[PDB]
Structures are given as structure tokens and as C-alpha cells.
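> this one's sequence-less:
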Ligand SMILES: [Zn+2]
Ligand SMILES: [Zn+2]
Ligand SMILES: [Zn+2]
Ligand SMILES: [Zn+2]
Ligand SMILES: [Zn+2]
Ligand SMILES: [Zn+2]
Ligand SMILES: [Zn+2]
């Protein structure tokens, strides 16, 4: 498994799944239709219509009528001074017309013994009465063996102090006190008829991306078939096989004041393989010969004939010179040479490829002249030329 | 000399579609004494036709393809080697070359290797199995219908640089001329060892025995080219022994040959450039493209049409081509442009087509 | 003036005689054959034939259908290619008998002027003119052939008598010694000419805004020349020196990458010299489901992987302008501008990768790459592509 | 762009899934979009029965056509059926709301974008013009008990009431028999009480549901006034079976239930619709069923009998128990919908993108 096709295995299964990863969040936060209401997936519903017989919407007000028929757990804490303790709520009222001073009333809730160096319950004991007479309300926490207030409730019936522990100072007429308030499937992937991956499902029937807990295999096959339809699902009982395959004919498209024409659609009332052609001939290519005889290699003969007729058209070149020229052209075209050092081998191939041709035409002198000519361009060493021509005249002799 | 030809219009048929015809051909391969037969073609309507002494052109067969947009161009006749049956060969604008067997009345064979329209079809005269095809795609092709495969492609980098309009073998079947819109009259050859062993290997081809493709022997190098015989388009070319006859939109036929007058045809090099204009035939009113001429089997005469209707006939047995006695033929009803004419095996019957869906006939007397 | 009318008439009657006997033997061949005549069906659409002349009745016949066939798109003629193209004293044979004497500079005139350095050929299809004449310049019986051979041999060897005695063989060391005693008396790459002067503002290399290569005959200790990389790995990343610029790898200079190894195999470390070696993917032709013909790929590829290279005729800018103006009627513009100097026109010649088409969502792409000074096209992959899939890239 | 792509992809998923949910599906597109749809009481029964529909139009640079159309419904057998347009009536400007008389089904009142609303009678073929407002609106309703009584509303702070029985046939224009004005903002719905002709209800954009008495001769004070929702109130609907109970639909993404015996307490607030609700209608063939739809592109239907019931955890993950069905077959703003008074659980629904679906839920859902 190379990384490219393995990344294509991810990428080919990513972009359909990534839209489904988006539609998963969209369908959960904004469902299209309730999954319980499907006929093929109906086990999710777990109720009947028995209660509608004895029901009455005129009597619904009677049902809610009989329905119509904060728990500040201010717990004390360890004191810090140098026993018993008590809390109290101080109510401040508004300035009335007759009375000039504010009404004052200290309501002690309850005591509790705590060490230094228990709890007290208060289940919504504001007692403001909503009569436009409770201007403010404080909560004191006294100690002994050390008293102060702390704004717990705000003006608008809001929570001022946070949860957790806390501490406070004290002032008579050092000592202090504390408190603590409390309010099996198997996804057999197959793409291009290639087993890119073979897995086994973790859970039995938990869908791979929708993640619904269906207690039946027929519901899972129909859900994957109907919903999430970028793939074509085919499954056979064989521990269960699920043959996932990308739908390469899916209708990915738009598919859905201003003028437009009317229509009437009704749905329910009562329920590689394409042919090929040759390059130069354009004849139909048989499936038997596709990989064998790969065209576009083994460069064509018209280029060779062009190299022949071009230098043959040259006026101021001799016969044997043109002969060795076409021989060198056919040699370099039959075996392309890009590197310059490989040319040192190329002459050693030339006598090993066409030496018998130059002996049969008496072209050794102009061959050595061509060797010296390429030597002028600093392509090859002179001792290599000595070796090559000695080998050539050895095989010729 | 006098005309020596008592021509008279024996029949003038008109088809019921009103579409310009593009070709007509007689069954030269038929034997002697049998009832003669020829075939015309429109855009999407090929029609075989009999002919009698009293002008009774008995309608024999008429095929039409499903796709109406196809535009047929030319037709040809051939005889089978084994079954010894007739075979019509047709083509059109769809890039298709169909072979109709008139006895069974079916499309027994069809070939497709071109990109665009077919201009003209020809068959090798000696060996009846080969089949040359000219097309607008700047290249020719050569097929073998006995083995159902392609033989060769007479085109390439050195081929015509424009639409190829026509081509023709010689009478012996050893050298082919070709012409088109590129102002070039290019020669080919089917006599070298390469084309011979290629045809021989094509005869021995069988896709069921072996599993290989066919080695198509392309030809990217014609043996002679020239761009001075004409200036306008060259619509048709034919052989006369070892002489090239050619037309053009200049309203003049030209008879010539490559090289000097003493240079032999079978020793012309690729770099040969000189030519020799042997003679010319004059006429007028041939501006419209896709015009043709024709000859008989013996090639004793020559027929030609014009874009008005007054057709022309020239002699070939007599000497002095540029001083040859011409001949005209007119009528008070041929108010259309003639595209092609044709003769039977003998020079008795002449049949011509036109652009008004008309088919005219003439006969000696 | 008119001394060929009788000769023309003689040739014409000879033509008539030979074509007459040719038609005679053809008639003798045709008479051997015996073919059956046509036979009609007894008289669905209809077809009627009237007659303008009276006396002939109207002949009707029923129509007959024909078998359909799969149509294909239009394609003009072409031919394949793998390399680019371009379209714009006698000194007898040494082995022959009529040889004559000639000096070293004059003997190798045709050889030095016709030989090409950048491809090791003679009159190739991309190097129209040689650089300069100074590029090849460097710091008993005796026939003219033997004299010229001894002259060029002593020129290259500088009087090493044992070596000429080994090479020629016939002439001995003492004879050659006595004879020598009795003989003394965004622009295209272009090699510039300034051996005496240095690479300055007047040199056209800096004007072109391109780095020089091995083929230039300037100072080897210069700075304008482009030395090869020193990367051991495949160096197909942006960290490579060659991949920074448009250039590809060098065979001789880039020794560390291993480009100078034997080219017989195909498994190599350097994944950048594919254009030089030509390790292209086996493409195939097919009818496209978008517009006309198209190309398919057989084997899978990677991102930024080498698919193939474009090929065509190199021509000037105004040449391609008039060519495209001619192609405006046909509405088939397969042109591809290469650079300011030359441009590609592949209508008449090319390869399979030309048959690709344009799309707004590409998967492949093209890149200009200066392989040894040759500005070639490289068609690389912009996405991992499967087998038998369509190929598109924005022009 | 990507949002509409996702919406139409979900529509394709719904088109794949729809042969497992509904007993009948009939999606139809009109020549122009319709902000009104209503089944008629007439019916013809020759295997498929013929039913009739009234439909509005919303045109632009083209003549409007109030459509009386027909439809072919299979009753209990059979695969055939089509939509057909019977009558088209030219209309002054666009259409916002239209209503038929329950006493005389032939009389059909329609609103205009101008002041002068009109009333047609297709048997004779404006047959009866009507005026009194100063602007357009959405409110219109015939009285079920008393013939000729007709209420209408508009955003110019007026609620007109006509009684067409008093005028002669020659009199085509009729002034308001009375004009009620107690709100302090754009009133957005009014509707008669069904089984008591002497009162009606309304909701306005003052965060106020206001109940008005007809016997009282004060056209400014309502009988009751209650703050129903936190945001603007949109529409309401009375119950056909009972008389006291009614329902409201507000722009705070809620439907709610109230009663005419104690209007202070909200009985229950349904919340699944995720945008402004524009229409709610009680079912004729069932008592404990409610419906809702708006610009959320999903028509919800609720069952009141299934309220407050315990269910499975995987069943509770989908939604609350009372929500009966979510027909998401549309692809745009659900402009209107209506029930058929003589078939079980079947409805029609018209959207703004030329979509007019007609559908009936499966029997296995409600049983
Ligand atoms: Zn070269
Ligand atoms: Zn330089
Ligand atoms: Zn330099
Ligand atoms: Zn330089
Ligand atoms: Zn390198
Ligand atoms: Zn490198
Ligand atoms: Zn490298």
C-alpha cells in the first residue's frame, strides 16, 4: 500500500463523509424529519394512543388547574478569634409618608455550634412580600469564643456572591467568622475493484457516521441505502458483510417574487469499461491488448526519414561524411544520451553497434575524423578514442 | 471530323425529396448481356436503378439510414471474390464507409477510421479487395474488405495541408494520384516492397488466431509533389496511361506529367520539381466547388458538367488534345448545376445528376 | 520554342497505344469473371420517381432502413512526437581515391560547423545556428588524405609520435619523426560571445534575467553560472536548489543526487529528472464525455507527480499570432505560449497529452521547466488521480 | 449558496426517503407563488374522487389570477391522479389572505395591497367591494353563525367589521359597520369565535393577546388583555370541537395554548419550530392535534394527548414526545397550509418557491 492511493482511499472517503460530518451536526441540531416516524424504522416508537379515549380538551384546563392547586443553605464555618453562633437577616424598607425612619427588624433564622482555630438551613426565607416595602436585605454571620454581613442577594433578586467558601471581617459596637452557602458488521471497502481496506465493525449495528442504535439489520441496510446516499451499499450475511462502494452516478447537483412554469409530480399512492481507440489509426482497441504493446514509445520512422533526408539535402558534405552522419543520428536516436560522461560509453557502443557497417562501406577514416571532431568539443578523452579505434581496427582486421 | 455521336435525351427523372445529388456510378464489374444497373445518391438516400432500351429506368432498390443529418458524397461498385455477388460501397459526412450487399439487402459491413466527411472512394482495379478512401481530415486511407482491417494510411506530415478532395489509381494499379484544396497534386506508390508485403500480411491477418494489433504501415513521404499546375482548388484528378488529367475552378482541364517530356514516370526522384504541361481543354461556368468528370472503361472519350446544365463531351482517341474537337449538349429544361456524369461498360449509355434532384440520361444512335 | 509539338504527338499516340493494350489485357482479365445480376424485391416510408417526359409512369418503392453506427468526434491528421521541433575546396572523401591535401582548420570545417553540442547531433530540430566559431577553438608516400590525417592527429596530440604510430599503423615512428622534421615552417537561452571581456551589463545573459549553464564557453570560475545541487534525497521539494528556480536537475553537475548513474534501470533516487529520462505515464485516447476526444491515464499518480510533457512545433510570436488568426474560423486553438521568444504550436504534431481539455475544476497543471536551457513544458498532477479518469487543466 | 445546496441535498434525501413515511404524496408547482390555500366543502365523486381548492397568487408585472382548482384523491384503492385548474378570476394587485363564507360557500372574500378589498361569487361569473382600512394587511374572516358578518384587519391600527346582508344588490361599496381600535402597534391577527358569535379574539405586536366582546358598545376597550409571549405575536386559531380553548403562534419560536375561562395562565408552550411561525390550524377530523409552519421550511404537527409522556432515551434524543410529525418536503418559506374537512389526516401546503404539496401521514404513526 503506497501513501498516494492510501491517501486517495482517505480522500475519496473523506469528502462524502465530510459533508455527512456537516449534515450530522445539521441534522442533529436541525432535523429534517423524525426518524421514529419511518415505517421501515418504527421500533423506536414506544407508545400507543390509549389515553386519547378518556381525554377531553375542555377538561385540559381542569387537568392543569389541579397542577395549580432559592434554598439558601447558609452553612456556618470555623471562627477565628482568641462555640455557639447565630445568623440574622436585616431588612431595610422605603421611606413612607408618615414614618421618617426606616423600619428595622432582625429575624434570627437558627443557631449552630461550630469549632474555631454544623450548618443552618434557609429554604427561601426572604419574606419581602412584594409589597414595595423590602428595599434591601443583608445576611449576617455571628460567632463567639466576630459578626459581619455580606451581600448575598442583590437588589433585583439576583445572586451577588458566588459559591464555595468565603471569609469576612468583623467590627464590634481579629475576630471574624466564615460560612459556606449552597443553592458483527464489516465494511469491505472496494474502489476500482481493489481491496483497499478490509475492516470489522466495532459495534454490531451502530451506524458509522449517523450513530443511531437500531436493534435490527434490515433497518441499518435501508438507512444506509436511503440516507447518506453518496455510496451504494450491498450486504450479504457472511460473518455481516457490507460492501461499500462510491456512487459514481450520484445526482450531485442543485436538484430543486419570480416567474416559473408549473409542474405536477407524484411518487406514492398506495405502496474502466468505455471503449478505446488507437492513436494513429483510430481503430477500435480490443480489451485483450491494452497493457501490452504500449504505443507512443519506440519513436517513429518519419523522424528517422527526416533526419536522413535533411542531411542528405546538404550540399557541401561528401558521401562518406553523410553516411557516418546518418549512422551517428540513428545511433543517438536509438539510444538517447543526456549526460556528457555517458558519451564516453557511446562511442564504445557505436563500434559495438555499427562497426561492421562501416567496414562494409570503407568509412573508417571519416569515422576517425568524426571522432576527432567530437574530441574538439571536449566531449571525450583522447585515450578513450585510442581504445575505441584500436578495438574497431582489431575487430576489422 | 463530325460529331459521330447521335445523342438525344431519352429520360429526365426527378426525385421526391429535392436535395442536391453528389454522385453516380455504374456497375462496371457486371458481366456482358445481363440487365445493366447503376446507382445514384443524395444526402441520406442511395438509390439503385435499372435501365432499358426504351428509357424504362426500373427502380431496383432504395436504402435510407436512420440519422437524417448524414450527407452522402460518393458511391462505388465492386464484385466479391468468393461469393461472386455485387457490393455497393458508400460513405458520407458521418465518417462512415458502409458496404451494402444488394442480394441480401443488408449492411453486411461497415468501417470507421476518419474524423470528418468522405470525399471519394476508389477500388484497386486488378485486385478487387483493396479500397482507397479520401477524406477532409488531411489524409487518405486504404482498407482490405476481405479480411476486414486497414492496410495503410497515405498521409502524414508531408501530406496535404488542407482538405483532400479526390484521388485515383492508374489503370494497372501501381501508383495513386491525390488532390485537394491545398494546391497540391501529390503522387503515391503501391508497387514497392513495403506496400506489397504489407498487403500480403494484411491478407494473412486473423484476430482470432493471434492476439496482437495490426502494424499499420504509414507513409509520411510521397514520391512527387508540385504546387504550380493550379492556383485555385483542384476538385478531381484522373490517370490516362502515365499522364495526369486534372481540373480546377479556373474552368480548364489540364493534361500533364511529372518532369520533362523525356523523363520516365517510373524513375522520378522525391526531389523532382520540373513539370511539363502537355495540353489543355477549355470551358466555362465551373466556379462552384465539388465538380467531377468521368470516362468509360476503354477511356475513349470524356464527359463533364457545368454549373448551368449545358454539359460537354471531349474525345480522347484523336490526337492533338489542345486542338481536340469538343462537343456540347444542351436542353431547355436543365436549369440546375451538374455534379457528375457516368457511362456503362460500353459507351452507349450516359447518365448525369444535378443539384435539383434531377437525373438526366442520354444514349448513342 | 515550338520544337515539341511533334514530340508531344508522338508521346500521346504512344500513350494511346499503351493504355489501349492495358485496357485490352484488363478486358481479358474481366471476361474470365462471371458475376450474378441485380434482383429486386417485389413492390414503412415510400419513395416515388416521376418523369418529366410523357410516356413513362411514376415508379414507387417502399423504403428500407439501415443499421446505425456509433459516431465519433472530429480529428485532423497528425503524427506522434517525443522531442520538440522548429520550423523557420570540395574536400573529397578520405577513403576515396581523389583525396587532396587540406589543413586542420579547413578539413574539419563541415564537421565543426554542422555538429551541435546541446544534443550531440547534426542539424537538429531546435538549434538553428551554432554559437560561434571560437567555441571549438582551443589553446615514404604521403597522400593528401594521409597528410590531412597526420595534420589533425598532430594537432590534437601535439607531437606524440608513438600515439600517431599506434593509430595510423602504416607509418612508423622514424618516418613520422622525419616527416615532422620536414613539415615545420522569461527569455530563451542563447550562448553569448565575450571571451576576453567579463560578464557585464553588455552581456545578453543578465539582460535575459536567466542563469547561464554548462554550454556557455565563459569563465568556469564565474558567478553567473548555475552550479548543480548537493541533495542526496529525491529533492522534489521546495528545499531543493533546482526546484526553487524553474530549472530541472543537471546530469554532470548534480553528482550528489545520482543523476550520472546508469540509465538502464528505472528505480532511481532523483524524482526530478523525469523530463530528461522520459519516465512518462502510459496515457490512452478515448472519446470524452465533455467535448470531443480526451485522454485517460492507466496507472495511479501522486500529488505533483510527473504525468507527461507537451510537444509541438516551436515558432516565433508573430508566427503563432497569424496561425491562431487562421485557426479562428475552425475554432480549434490548441496553442500554448512558452515564453517571449518562442511559443509552441502542436496542431500538426504532438502527443496524447495535447488531447486534454479545459475545466474550471482542474486536477493537473502545466509548468515551464528549463531542462539544459531547453524551455520545455511539464504536465504535472495537482491531485491524486485514478485509472481511466478524465484529465483537465486550465490553459 | 452552500446553504441552499445543503437544503436541496436534504430535499433529495427526503425524495429518496418519502416512500416509507406518507400514504399519499402529490407535489405541484403553480404558475405564480401563492400566499393562500384553502380546501372547499364541495366535492364530486364519480376510482379517484374530485376535490376542490382555492389558491391565491403573488405576481409581478403580470395580471393576478385567483385560482379555483381541483385535485384527484384516491379514497381507499389504487396509481393515478393529477392537478387541474378550473376557474381563474382577475384580481386587483397581489393577495395576502382570502376566506370563504361557511354559510354560503360560493361567496369568497379577498384582500388587496390597496385599501379596497373585494368579494367574488363564482356562480354568477368585484361582486361586492369593501372598504374602511387605510393600508394592506393579512386579517380576514367570515362569521360561521350569522350570515354576512365579516371581520378584517390592517396595519393602520383599525379592525373593520361589515355586515353585507343589509345593503341592497345595487350597493357594491359598503362602509364599515364598525371600526375597533384598541391596540398601540401593528395588529397582526384577528379571528371570530366559532360557537359564540358575540365575541372575537386578536393578537398584536404590543406583546398582547386581546379578547373583544361584541355586545359591548365600546370600540376601544377589549374584554381581556394578556401578555402572552416575550416577543412579537403573529397568529392564532380557535378549536373546532371545544369553544374556550385556543392556540397562538409567536415570533419567539413558539406555539402556545390558552383558554377563554382563565386567560392568565398559559396551558402549554410547544417549541420545535426554529423561526417565526406564520400559520397554525386545528384539524377538523381530530380534536387533540395542532399544526404549525413558518419560514423554517419544515411543517410541524403536534399531538396534545401525547403531552408529558415518558419515552425511551434513544427515542427522547430525537425530540420531545408531543411532536407528532415534521413534514420537511418544502424547500422555501411555508406560506400557507390547510386541512380537508372530509378526509383523514390529509393536508395541503403552499410555499413561496412554487411548491404546493398535498400529503397524508401513515396510519402506523397515529393509529
Ligand atoms: Zn543539433
Ligand atoms: Zn555569461
Ligand atoms: Zn558567463
Ligand atoms: Zn557567457
Ligand atoms: Zn540532479
Ligand atoms: Zn537536483
Ligand atoms: Zn537530482
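Everything's here; your move. Numbering: from 1, shown residues only, chains lettered A, B, ... in the order given. Ligands and ions are numbered 1, 2, ... in the order given.

> ok but residue A:307 is inside a helix, no?
Yes - Residue A:307 sits within a helix when classified using DSSP: H, G, I helix; E, B strand; the rest coil.

> Three-state assignment for the residue nearest to it when sequence neighbours are not counted, please.
Closest residue to residue A:307 apart from its sequence neighbours, by CB to CB, 6 or more residues apart in numbering or on different chains: residue A:329 at 4.7 Å. From N, CA and C alone the C-beta is placed, and that goes for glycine too. On the three-state scheme (three-state DSSP), residue A:329 is labelled helix.

> Please report how far residue A:329 lies from residue B:156.
Distance of residue A:329 to residue B:156, computed by CB to CB, to the nearest Å: 20 Å.

> And residue B:135, by the same measure?
Residue B:135 is 14 Å from residue B:156, by CB to CB.

> Tell me which of those two has more neighbours.
residue B:135 (27 against 20; other CB atoms under 10 Å in any protein chain shown).

> burial of the residue in the stretch 201-350 of chain A positioned nearest to ligand 3, as a residue count?
Minimum separation of the stretch 201-350 of chain A from ligand 3 (CB to the ion) falls at residue A:340, amounting to 18.6 Å. Using other CB under 10 Å, residue A:340 has 17 other residues around it.

> If we ignore the residues flanking it in sequence, what's nearest it?
residue C:252 (5.3 Å).

> Contacts only, for the one you found.
A:339-341, C:214, C:228, C:260 (CB atoms under 8 Å, 6 or more residues apart in numbering or on different chains).

> Any of these buried? List them.
Buried members of these, counted by 16 or more other CB atoms under 10 Å in any protein chain shown: A:339-340, C:214, C:228, C:260.

> As a markdown table, those residues with distance to residue A:33 and secondary structure would be great.
Below are those laid out as a markdown table (distance: CB to CB, whole Å; DSSP: H, G, I helix; E, B strand; the rest coil):
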| residue | distance to residue A:33 | secondary structure |
| --- | --- | --- |
| A:339 | 69 | coil |
| A:340 | 73 | coil |
| C:214 | 72 | coil |
| C:228 | 66 | coil |
| C:260 | 69 | coil |
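
> restrict these to those near ligand 1?
Within the set of those, contact with ligand 1 (CB under 5 Å from the ion) is found for no member.

> so what's the residue nearest to residue A:307 up against?
A:304, A:307-308, A:311, C:121-122.

> and what of residue A:377?
Contacts of residue A:377 (CB under 8 Å, 6+ apart): C:115, C:117, C:135-136.

> so what's residue A:153 closest to, chain neighbours aside?
Leaving out its chain neighbours, the residue that sits closest to residue A:153 by CB to CB, 6+ apart is residue A:137, at 5.7 Å.

> got the residue ranges for the strands in the stretch 51-200 of chain D?
In the stretch 51-200 of chain D, the strands defined using DSSP state E, counting those that start in this stretch lie at D:64-74, D:83-91, D:98-100, D:107-110, D:117-121, D:128-130, D:140-142, D:149-154, D:158-163, D:178-180, D:187-192, D:199-204.

> need the ones you listed in JSON lines with mean neighbour count and distance to ligand 3, can you?
Output for the strands of the stretch 51-200 of chain D, formatted as JSON lines (neighbours: other CB atoms under 10 Å in any protein chain shown; distance: least, CB to the ion, whole Å):
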{"stretch": "strand D:64-74", "mean neighbour count": "19", "distance to ligand 3": "83"}
{"stretch": "strand D:83-91", "mean neighbour count": "15", "distance to ligand 3": "83"}
{"stretch": "strand D:98-100", "mean neighbour count": "20", "distance to ligand 3": "90"}
{"stretch": "strand D:107-110", "mean neighbour count": "22", "distance to ligand 3": "90"}
{"stretch": "strand D:117-121", "mean neighbour count": "21", "distance to ligand 3": "92"}
{"stretch": "strand D:128-130", "mean neighbour count": "20", "distance to ligand 3": "97"}
{"stretch": "strand D:140-142", "mean neighbour count": "21", "distance to ligand 3": "92"}
{"stretch": "strand D:149-154", "mean neighbour count": "24", "distance to ligand 3": "89"}
{"stretch": "strand D:158-163", "mean neighbour count": "22", "distance to ligand 3": "94"}
{"stretch": "strand D:178-180", "mean neighbour count": "17", "distance to ligand 3": "99"}
{"stretch": "strand D:187-192", "mean neighbour count": "23", "distance to ligand 3": "85"}
{"stretch": "strand D:199-204", "mean neighbour count": "23", "distance to ligand 3": "89"}
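
> And these: which comes nearest ligand 1?
Closest among those, once you apply CB to the ion, is strand D:83-91, at 78.1 Å.

> Look up how far residue C:313 lies from the residue in the stretch 151-300 of chain B positioned nearest to ligand 1.
For the stretch 151-300 of chain B, the residue closest to ligand 1 is residue B:157, as judged by CB to the ion, at 19.5 Å. To residue C:313, residue B:157 is 10 Å away according to CB to CB.

> got any residues that touch both of these two?
The contact sets of residue B:157 and residue C:313 overlap at C:348-349 (CB under 8 Å, 6+ apart).

> residues touching residue A:51, list them.
Contacts for residue A:51 (CB under 8 Å, 6+ apart) come out as D:305-306.

> Confirm that it sits in a helix.
No - using three-state DSSP, the assignment for residue A:51 is coil, not a helix.

> Pick out the residue of the stretch 151-300 of chain C closest to ligand 4.
For the stretch 151-300 of chain C, CB to the ion, closest residue to ligand 4: residue C:218, 3.6 Å.

> Give me the phi and psi angles of that residue.
phi -80, psi -170 (degrees, to the nearest 10).

> picking up where we left off before, OK, contacts around the residue of the stretch 151-300 of chain B closest to ligand 1?
When contacts are counted by CB under 8 Å, 6+ apart, residue B:157 touches A:302, A:306, B:220, C:79, C:348-349.

> Serialize the residues you listed to TSV and add fields for secondary structure, distance to residue B:29 and neighbour count.
Output for these, formatted as TSV (DSSP: H, G, I helix; E, B strand; the rest coil; distance: CB to CB, whole Å; neighbours: other CB atoms under 10 Å in any protein chain shown):
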residue	secondary structure	distance to residue B:29	neighbour count
A:302	helix	37	19
A:306	helix	41	17
B:220	coil	33	18
C:79	strand	36	19
C:348	coil	39	18
C:349	strand	41	19
